[PDB]
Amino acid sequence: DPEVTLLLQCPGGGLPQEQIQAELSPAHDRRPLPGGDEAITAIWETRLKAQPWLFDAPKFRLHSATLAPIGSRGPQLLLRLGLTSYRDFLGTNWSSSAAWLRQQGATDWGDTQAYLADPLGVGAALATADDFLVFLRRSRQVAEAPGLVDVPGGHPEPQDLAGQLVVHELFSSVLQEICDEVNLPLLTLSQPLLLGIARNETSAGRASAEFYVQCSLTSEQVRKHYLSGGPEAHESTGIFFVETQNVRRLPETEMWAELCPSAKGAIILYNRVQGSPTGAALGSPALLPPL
């Protein structure tokens, strides 16, 4: 799977909000482009003069994520974050010249991402009460990954002493994205666990935080809630469900070729962090079938 790389695999079956620190600093921002940020401004102007209803929006930038020594007390993860925008994304990661910006970042800063917006995405492995994960079909008419399978999520917009509010907005945003797209009541959702961070190499290395969320509704109830919004209540064109039993071997299925990179990230991290048992009981052959 060359189009997805794991930046972080969380310990302990995934980290709760209270174990994560953020450092939001202008030291974590994109570097100005070698010939100047006028190249970004020019692409944006061209785009607005075709689609003048488009708007800019602020985004969090991922710089890096450092895990504590395993088994330690205290904060277990430090997220280093800066600020970027939708405009900066369109002029760097989405640019035809994105590979040239990665090579120049390696040369100038020893960092393939130094000249990339790299907005932080969020996504969920969302499990039902009857042990299915939730999948969404993307419209064939959008610009990014048309017609591909996704999981719930999005790209959160901003608003450890500003740090804790930023971690709160990241955990909040994955629940809000589930309520907005799947049409589930907030009180049917567990507090999220962070499983890890995956990078999309087809989008020049931009990263998504992948979470596990449990729903108290069955697959049939989740489907009713999604459909009862009507076609205007969701950006996706359909919903479907795969038994957690079968998610284990999803990379061997014909579905795998249809998953967008960030959804592949969520499923690899679900299988390594919530699946893959370590103890004698769940590891026994009748509960963990060989091959």
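Throughout, we count residues from 1 along the sequence that is shown.
> Look at the stretch from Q159 to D160 and count the residues of the deposited sequence that the entry does not model, then pick none, 1 to 3, 4 to 9, or 10 or more.
Going from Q159 to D160, the model skips 10 or more residues of the deposited sequence.
> Please compare 223 to 231 with 37 to 45 and say which has the higher mean C-alpha temperature factor in the record.
Mean C-alpha B-factor is greater for 223 to 231.
> I need to verify one thing: averaged over C-alpha atoms only, is the B-factor higher for 141 to 149 or for 165 to 173?
Per the PDB entry, the higher value belongs to 141 to 149.
> Of the options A280, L15, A22, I268, which has the highest CA B factor as deposited?
Out of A280, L15, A22, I268, the record gives the largest C-alpha B-factor to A280.
> Return the residue from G91, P192, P119, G74 that has the highest Cα B-factor in the entry.
So the option with the highest C-alpha B-factor is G74.
> Sorting the chain's CA B-factors, does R199 end up in the lowest, middle or highest third?
CA B-factor rank for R199: middle third.
> For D29, return the chain-relative third of its C-alpha B-factor as stated in the PDB record: lowest, middle or highest.
Lowest third.
> When the modelled residues of the chain are sorted by Cα temperature factor, does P52 land in the lowest, middle or highest third?
Tercile = middle for this residue's CA B-factor.
> Using the temperature factors of the C-alpha atoms in this entry, rank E210 within its chain: lowest, middle or highest third.
It belongs to the lowest third of the chain when residues are ordered by C-alpha B-factor.
> Which third of the chain does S95 land in by C-alpha B-factor: lowest, middle or highest?
Highest third.
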